[PDB]
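Coordinates as given in query-v6.pdb (PDB, C-alpha atoms):
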ATOM      1  CA  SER Z  36      -3.735  15.313  12.540
ATOM      2  CA  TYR Z  37      -2.882  14.929   8.842
ATOM      3  CA  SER Z  38      -6.135  13.298   7.808
ATOM      4  CA  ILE Z  39      -7.291  16.021   5.419
ATOM      5  CA  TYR Z  40      -4.217  15.672   3.218
ATOM      6  CA  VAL Z  41      -4.584  11.887   3.048
ATOM      7  CA  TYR Z  42      -8.227  12.200   1.930
ATOM      8  CA  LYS Z  43      -7.332  14.929  -0.553
ATOM      9  CA  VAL Z  44      -4.606  12.652  -1.929
ATOM     10  CA  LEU Z  45      -7.105   9.789  -2.059
ATOM     11  CA  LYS Z  46      -9.454  11.901  -4.187
ATOM     12  CA  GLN Z  47      -6.661  12.387  -6.719
ATOM     13  CA  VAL Z  48      -5.573   8.785  -7.170
ATOM     14  CA  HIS Z  49      -9.199   7.577  -6.993
ATOM     15  CA  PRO Z  50     -11.964  10.182  -7.446
ATOM     16  CA  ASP Z  51     -14.843   7.891  -6.363
ATOM     17  CA  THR Z  52     -13.269   5.719  -3.671
ATOM     18  CA  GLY Z  53     -13.738   6.131   0.053
ATOM     19  CA  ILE Z  54     -11.958   4.854   3.115
ATOM     20  CA  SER Z  55     -13.121   3.250   6.370
ATOM     21  CA  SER Z  56     -12.398   5.326   9.437
ATOM     22  CA  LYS Z  57      -9.752   3.160  10.981
ATOM     23  CA  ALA Z  58      -8.165   2.420   7.604
ATOM     24  CA  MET Z  59      -7.655   6.172   7.750
ATOM     25  CA  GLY Z  60      -6.193   6.049  11.241
ATOM     26  CA  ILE Z  61      -3.889   3.408   9.785
ATOM     27  CA  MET Z  62      -2.958   5.964   7.079
ATOM     28  CA  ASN Z  63      -2.407   8.676   9.695
ATOM     29  CA  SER Z  64      -0.171   6.310  11.646
ATOM     30  CA  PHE Z  65       1.887   5.554   8.533
ATOM     31  CA  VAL Z  66       2.313   9.268   7.769
ATOM     32  CA  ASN Z  67       3.539  10.051  11.286
ATOM     33  CA  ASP Z  68       5.868   7.033  11.417
ATOM     34  CA  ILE Z  69       7.416   7.859   8.022
ATOM     35  CA  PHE Z  70       7.664  11.535   9.011
ATOM     36  CA  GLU Z  71       9.342  10.708  12.329
ATOM     37  CA  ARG Z  72      11.802   8.339  10.645
ATOM     38  CA  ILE Z  73      12.936  10.636   7.773
ATOM     39  CA  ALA Z  74      12.956  13.788   9.888
ATOM     40  CA  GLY Z  75      14.923  12.163  12.706
ATOM     41  CA  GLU Z  76      17.427  10.768  10.218
ATOM     42  CA  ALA Z  77      18.020  14.145   8.577
ATOM     43  CA  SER Z  78      18.306  15.594  12.103
ATOM     44  CA  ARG Z  79      21.155  13.188  12.804
ATOM     45  CA  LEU Z  80      22.730  13.881   9.433
ATOM     46  CA  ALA Z  81      22.535  17.595  10.275
ATOM     47  CA  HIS Z  82      24.375  16.985  13.551
ATOM     48  CA  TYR Z  83      26.585  14.254  12.017
ATOM     49  CA  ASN Z  84      28.454  17.030  10.384
ATOM     50  CA  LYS Z  85      27.988  19.969  12.714
ATOM     51  CA  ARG Z  86      25.666  21.849  10.338
ATOM     52  CA  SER Z  87      22.855  23.749  12.027
ATOM     53  CA  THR Z  88      20.442  23.314   9.116
ATOM     54  CA  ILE Z  89      18.342  20.408   7.954
ATOM     55  CA  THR Z  90      18.048  21.240   4.254
ATOM     56  CA  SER Z  91      16.591  19.460   1.253
ATOM     57  CA  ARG Z  92      19.634  17.333   0.930
ATOM     58  CA  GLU Z  93      19.514  16.008   4.470
ATOM     59  CA  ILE Z  94      15.928  14.926   3.761
ATOM     60  CA  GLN Z  95      17.064  13.440   0.445
ATOM     61  CA  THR Z  96      19.881  11.440   2.038
ATOM     62  CA  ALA Z  97      17.485  10.365   4.790
ATOM     63  CA  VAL Z  98      15.093   9.233   2.017
ATOM     64  CA  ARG Z  99      17.734   7.183   0.222
ATOM     65  CA  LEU Z 100      18.712   6.028   3.726
ATOM     66  CA  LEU Z 101      15.284   4.649   4.584
ATOM     67  CA  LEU Z 102      13.415   3.516   1.458
ATOM     68  CA  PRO Z 103      14.107   0.350  -0.551
ATOM     69  CA  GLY Z 104      15.702   2.210  -3.447
ATOM     70  CA  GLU Z 105      13.406   1.678  -6.403
ATOM     71  CA  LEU Z 106      10.878   3.306  -4.083
ATOM     72  CA  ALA Z 107      13.533   5.752  -2.896
ATOM     73  CA  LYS Z 108      14.262   6.631  -6.534
ATOM     74  CA  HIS Z 109      10.691   7.672  -7.264
ATOM     75  CA  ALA Z 110      10.487   9.411  -3.876
ATOM     76  CA  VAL Z 111      13.647  11.458  -4.408
ATOM     77  CA  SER Z 112      12.438  12.092  -7.950
ATOM     78  CA  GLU Z 113       9.141  13.419  -6.501
ATOM     79  CA  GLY Z 114      10.778  15.583  -3.839
ATOM     80  CA  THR Z 115      13.119  17.082  -6.421
ATOM     81  CA  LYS Z 116      10.157  17.907  -8.675
ATOM     82  CA  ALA Z 117       8.381  19.691  -5.823
ATOM     83  CA  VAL Z 118      11.520  21.725  -5.128
ATOM     84  CA  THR Z 119      12.317  22.944  -8.649
ATOM     85  CA  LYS Z 120       8.606  23.539  -9.270
ATOM     86  CA  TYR Z 121       8.506  25.655  -6.104
ATOM     87  CA  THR Z 122      11.583  27.706  -6.996
ATOM     88  CA  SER Z 123      10.276  28.707 -10.440
ATOM     89  CA  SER Z 124       7.491  30.669  -8.804
ATOM     90  CA  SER Z 145       0.686  29.898  -2.721
ATOM     91  CA  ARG Z 146       3.341  28.126  -0.583
ATOM     92  CA  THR Z 147       2.074  24.529  -0.817
ATOM     93  CA  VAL Z 148       0.315  25.455  -4.077
ATOM     94  CA  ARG Z 149       3.522  26.498  -5.853
ATOM     95  CA  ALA Z 150       4.971  23.092  -4.980
ATOM     96  CA  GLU Z 151       1.856  21.478  -6.536
ATOM     97  CA  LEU Z 152       1.073  19.209  -3.593
ATOM     98  CA  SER Z 153      -1.872  18.536  -1.328
ATOM     99  CA  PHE Z 154       0.174  17.900   1.833
ATOM    100  CA  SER Z 155       0.560  21.356   3.410
ATOM    101  CA  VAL Z 156       4.126  22.648   3.241
ATOM    102  CA  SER Z 157       3.481  25.110   6.074
ATOM    103  CA  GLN Z 158       2.101  22.424   8.395
ATOM    104  CA  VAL Z 159       4.904  19.972   7.640
ATOM    105  CA  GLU Z 160       7.494  22.638   8.457
ATOM    106  CA  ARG Z 161       5.602  23.495  11.633
ATOM    107  CA  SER Z 162       5.710  19.846  12.713
ATOM    108  CA  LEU Z 163       9.439  19.833  11.876
ATOM    109  CA  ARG Z 164      10.258  22.752  14.127
ATOM    110  CA  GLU Z 165       8.017  21.770  17.032
ATOM    111  CA  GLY Z 166      10.113  18.615  16.962
ATOM    112  CA  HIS Z 167      13.270  20.727  17.498
ATOM    113  CA  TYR Z 168      14.929  18.550  14.835
ATOM    114  CA  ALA Z 169      17.746  21.102  14.345
ATOM    115  CA  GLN Z 170      18.561  24.788  14.675
ATOM    116  CA  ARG Z 171      16.815  25.999  11.521
ATOM    117  CA  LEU Z 172      15.635  24.647   8.177
ATOM    118  CA  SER Z 173      15.681  25.836   4.603
ATOM    119  CA  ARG Z 174      12.248  26.785   3.329
ATOM    120  CA  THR Z 175      13.041  24.250   0.597
ATOM    121  CA  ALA Z 176      13.164  21.385   3.173
ATOM    122  CA  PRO Z 177       9.485  20.953   4.197
ATOM    123  CA  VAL Z 178       8.535  21.103   0.539
ATOM    124  CA  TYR Z 179      10.839  18.187  -0.212
ATOM    125  CA  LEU Z 180       9.511  16.308   2.851
ATOM    126  CA  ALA Z 181       5.859  16.996   2.039
ATOM    127  CA  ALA Z 182       6.530  15.810  -1.513
ATOM    128  CA  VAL Z 183       8.030  12.541  -0.262
ATOM    129  CA  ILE Z 184       5.252  11.807   2.224
ATOM    130  CA  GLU Z 185       2.585  12.746  -0.325
ATOM    131  CA  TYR Z 186       4.234  10.315  -2.726
ATOM    132  CA  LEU Z 187       4.260   7.282  -0.403
ATOM    133  CA  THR Z 188       0.772   8.209   0.784
ATOM    134  CA  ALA Z 189      -0.351   8.332  -2.865
ATOM    135  CA  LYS Z 190       1.340   4.961  -3.514
ATOM    136  CA  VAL Z 191      -0.409   3.218  -0.613
ATOM    137  CA  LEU Z 192      -3.774   4.783  -1.472
ATOM    138  CA  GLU Z 193      -3.222   4.054  -5.204
ATOM    139  CA  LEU Z 194      -2.613   0.325  -4.923
ATOM    140  CA  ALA Z 195      -5.141  -0.182  -2.096
ATOM    141  CA  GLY Z 196      -7.772   1.778  -4.017
ATOM    142  CA  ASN Z 197      -7.008  -0.518  -6.941
ATOM    143  CA  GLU Z 198      -7.454  -3.778  -4.970
ATOM    144  CA  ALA Z 199     -10.753  -2.302  -3.822
ATOM    145  CA  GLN Z 200     -11.858  -1.743  -7.423
ATOM    146  CA  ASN Z 201     -10.596  -5.215  -8.356
ATOM    147  CA  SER Z 202     -12.851  -6.715  -5.665
ATOM    148  CA  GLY Z 203     -15.901  -4.593  -6.586
ATOM    149  CA  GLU Z 204     -15.889  -2.253  -3.554
ATOM    150  CA  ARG Z 205     -16.064   1.521  -3.314
ATOM    151  CA  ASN Z 206     -14.107   1.926  -0.068
ATOM    152  CA  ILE Z 207     -10.627   1.144   1.160
ATOM    153  CA  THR Z 208     -11.150  -1.077   4.256
ATOM    154  CA  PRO Z 209      -8.378  -1.504   6.838
ATOM    155  CA  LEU Z 210      -7.735  -5.134   5.850
ATOM    156  CA  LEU Z 211      -7.304  -4.148   2.180
ATOM    157  CA  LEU Z 212      -4.787  -1.599   3.320
ATOM    158  CA  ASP Z 213      -2.756  -4.209   5.153
ATOM    159  CA  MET Z 214      -2.903  -6.818   2.397
ATOM    160  CA  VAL Z 215      -1.642  -4.058   0.111
ATOM    161  CA  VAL Z 216       1.185  -2.677   2.312
ATOM    162  CA  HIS Z 217       2.299  -6.238   2.994
ATOM    163  CA  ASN Z 218       2.135  -8.339  -0.213
ATOM    164  CA  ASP Z 219       4.135  -5.601  -1.977
ATOM    165  CA  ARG Z 220       7.925  -5.934  -2.281
ATOM    166  CA  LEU Z 221       8.894  -2.393  -1.316
ATOM    167  CA  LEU Z 222       5.937  -1.167   0.764
ATOM    168  CA  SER Z 223       6.318  -4.175   3.113
ATOM    169  CA  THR Z 224       9.647  -2.544   4.069
ATOM    170  CA  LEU Z 225       7.534   0.221   5.651
TER     171      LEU Z 225
END
Encoded form using structure tokens:
Amino acid sequence: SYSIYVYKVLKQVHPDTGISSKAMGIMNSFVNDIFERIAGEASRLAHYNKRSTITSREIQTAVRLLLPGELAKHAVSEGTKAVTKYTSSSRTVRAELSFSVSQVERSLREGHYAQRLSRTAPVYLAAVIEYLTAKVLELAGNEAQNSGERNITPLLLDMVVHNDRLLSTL
């Protein structure tokens, strides 16, 4: 499960907001869907040319190949930040994210998505997922505060993921 990273991301966009237990399952489902989609698409890219490696740029092209492209912009912007900020220098920490780089890369390779990956590829992918996770939790947490509630309920989640131009694409 990825539930710890979601909660940790929720604490950053909204320090004093909680989340119902199946609203969280909903968040775990979203993470795994969006991970499967991007990581499969970079897998195909990798074998579209006959490159063995899924690298940051296969992820990036997958990103611009899946997200609505104002959203993709911020996502690729976020994944590029995590990469350059990881080079300058731990592991996850150097990338300045809460979604574990090591665990994301371990999910990538137990999916056999390609031959091998750059160590800069799970950082990019954890950055992207952390960003969309933070967007969903950000807006939802806001609609909760707008309605005077301390917890993200599942129905708030869905009226937020729908009822938003880009996020409804996902």
**Request:** Evaluate the PyMOL selection byres ((chain Z and resi 89-100) around 10) here and jot the selected residues down as a ChimeraX atom specification.
**Result:** /Z:69,72-82,86-88,101-108,110-112,114-115,118,163,168-180,183
**Asked** Quick one, how far is CA of residue 167 (chain Z) from CA of residue 147 (chain Z)?
**Response** 21.8 Å
**Request:** Would you mind reading off the distance between CA of residue 224 (chain Z) and CA of residue 187 (chain Z), one decimal, in Å?
**Result:** 12.1 Å
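Between CA of residue 166 (chain Z) and CA of residue 70 (chain Z) the separation is 10.9 Å.
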**Prompt:** So which residues touch residue 209 (chain Z) within 8 Å, counting all atoms listed in the file, skipping near sequence neighbours fewer than 3 positions away, as a PyMOL selection string?
**Reply:** chain Z and resi 55+57-59+61+212-213
**Pick from Z:191, Z:54, Z:148, Z:44, whichever lies nearest to residue 208 (chain Z) using all atoms listed in the file** = Z:54
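Nearest to residue 47 (chain Z) of all the residues Z:193, Z:151, Z:113, Z:165 is Z:193, based on only C-alpha atoms.
Proximity ranking of Z:206, Z:152, Z:38, Z:162 relative to residue 181 (chain Z) places Z:152 first, based on all atoms listed in the file.
When only C-alpha atoms are used to measure the gap to residue 64 (chain Z), the shortest distance among Z:195, Z:41, Z:48, Z:210 belongs to Z:41.
With only C-alpha atoms as the atoms that count, the residue of Z:218, Z:223, Z:153, Z:201 with the shortest distance to residue 39 (chain Z) is Z:153.
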**Message:** Can you tell me which residues surround residue 43 (chain Z) at a distance of at most 12 Å, considering all atoms listed in the file, apart from same-chain residues fewer than 6 positions away, and format the answer as number ranges by chain?
**Reply:** Z: 37, 49-54, 152-155, 185, 188-189, 192
Expected file: the selected residues, C-alpha atoms, as a PDB file, in the frame of the given file:
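This went into part02.pdb:
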ATOM      1  CA  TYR Z  37      -2.882  14.929   8.842  1.00  0.00           C
ATOM      2  CA  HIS Z  49      -9.199   7.577  -6.993  1.00  0.00           C
ATOM      3  CA  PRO Z  50     -11.964  10.182  -7.446  1.00  0.00           C
ATOM      4  CA  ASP Z  51     -14.843   7.891  -6.363  1.00  0.00           C
ATOM      5  CA  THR Z  52     -13.269   5.719  -3.671  1.00  0.00           C
ATOM      6  CA  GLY Z  53     -13.738   6.131   0.053  1.00  0.00           C
ATOM      7  CA  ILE Z  54     -11.958   4.854   3.115  1.00  0.00           C
ATOM      8  CA  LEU Z 152       1.073  19.209  -3.593  1.00  0.00           C
ATOM      9  CA  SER Z 153      -1.872  18.536  -1.328  1.00  0.00           C
ATOM     10  CA  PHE Z 154       0.174  17.900   1.833  1.00  0.00           C
ATOM     11  CA  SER Z 155       0.560  21.356   3.410  1.00  0.00           C
ATOM     12  CA  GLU Z 185       2.585  12.746  -0.325  1.00  0.00           C
ATOM     13  CA  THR Z 188       0.772   8.209   0.784  1.00  0.00           C
ATOM     14  CA  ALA Z 189      -0.351   8.332  -2.865  1.00  0.00           C
ATOM     15  CA  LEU Z 192      -3.774   4.783  -1.472  1.00  0.00           C
TER      16      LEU Z 192
END
Final N, CA and C atoms of region 181-195 of chain Z as a PDB file, in the coordinates of the input:
ATOM      1  N   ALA Z 181       7.265  17.166   2.393  1.00  0.00           N
ATOM      2  CA  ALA Z 181       5.859  16.996   2.039  1.00  0.00           C
ATOM      3  C   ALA Z 181       5.704  16.267   0.706  1.00  0.00           C
ATOM      4  N   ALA Z 182       6.586  16.535  -0.247  1.00  0.00           N
ATOM      5  CA  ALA Z 182       6.530  15.810  -1.513  1.00  0.00           C
ATOM      6  C   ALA Z 182       6.739  14.313  -1.305  1.00  0.00           C
ATOM      7  N   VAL Z 183       7.703  13.951  -0.460  1.00  0.00           N
ATOM      8  CA  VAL Z 183       8.030  12.541  -0.262  1.00  0.00           C
ATOM      9  C   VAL Z 183       6.869  11.821   0.403  1.00  0.00           C
ATOM     10  N   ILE Z 184       6.351  12.410   1.482  1.00  0.00           N
ATOM     11  CA  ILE Z 184       5.252  11.807   2.224  1.00  0.00           C
ATOM     12  C   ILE Z 184       4.012  11.704   1.349  1.00  0.00           C
ATOM     13  N   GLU Z 185       3.685  12.787   0.633  1.00  0.00           N
ATOM     14  CA  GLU Z 185       2.585  12.746  -0.325  1.00  0.00           C
ATOM     15  C   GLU Z 185       2.784  11.637  -1.346  1.00  0.00           C
ATOM     16  N   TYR Z 186       4.029  11.346  -1.719  1.00  0.00           N
ATOM     17  CA  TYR Z 186       4.234  10.315  -2.726  1.00  0.00           C
ATOM     18  C   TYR Z 186       3.949   8.922  -2.162  1.00  0.00           C
ATOM     19  N   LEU Z 187       4.551   8.577  -1.019  1.00  0.00           N
ATOM     20  CA  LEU Z 187       4.260   7.282  -0.403  1.00  0.00           C
ATOM     21  C   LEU Z 187       2.795   7.167  -0.007  1.00  0.00           C
ATOM     22  N   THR Z 188       2.211   8.234   0.530  1.00  0.00           N
ATOM     23  CA  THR Z 188       0.772   8.209   0.784  1.00  0.00           C
ATOM     24  C   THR Z 188      -0.006   7.918  -0.499  1.00  0.00           C
ATOM     25  N   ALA Z 189       0.339   8.599  -1.598  1.00  0.00           N
ATOM     26  CA  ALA Z 189      -0.351   8.332  -2.865  1.00  0.00           C
ATOM     27  C   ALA Z 189      -0.087   6.920  -3.385  1.00  0.00           C
ATOM     28  N   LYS Z 190       1.083   6.336  -3.084  1.00  0.00           N
ATOM     29  CA  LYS Z 190       1.340   4.961  -3.514  1.00  0.00           C
ATOM     30  C   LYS Z 190       0.461   3.978  -2.744  1.00  0.00           C
ATOM     31  N   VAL Z 191       0.417   4.112  -1.417  1.00  0.00           N
ATOM     32  CA  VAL Z 191      -0.409   3.218  -0.613  1.00  0.00           C
ATOM     33  C   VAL Z 191      -1.869   3.336  -1.022  1.00  0.00           C
ATOM     34  N   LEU Z 192      -2.371   4.573  -1.121  1.00  0.00           N
ATOM     35  CA  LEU Z 192      -3.774   4.783  -1.472  1.00  0.00           C
ATOM     36  C   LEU Z 192      -4.058   4.319  -2.898  1.00  0.00           C
ATOM     37  N   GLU Z 193      -3.065   4.439  -3.796  1.00  0.00           N
ATOM     38  CA  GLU Z 193      -3.222   4.054  -5.204  1.00  0.00           C
ATOM     39  C   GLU Z 193      -3.448   2.561  -5.355  1.00  0.00           C
ATOM     40  N   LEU Z 194      -2.513   1.775  -4.845  1.00  0.00           N
ATOM     41  CA  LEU Z 194      -2.613   0.325  -4.923  1.00  0.00           C
ATOM     42  C   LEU Z 194      -3.839  -0.179  -4.169  1.00  0.00           C
ATOM     43  N   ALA Z 195      -3.971   0.202  -2.891  1.00  0.00           N
ATOM     44  CA  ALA Z 195      -5.141  -0.182  -2.096  1.00  0.00           C
ATOM     45  C   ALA Z 195      -6.435   0.146  -2.812  1.00  0.00           C
TER      46      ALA Z 195
END
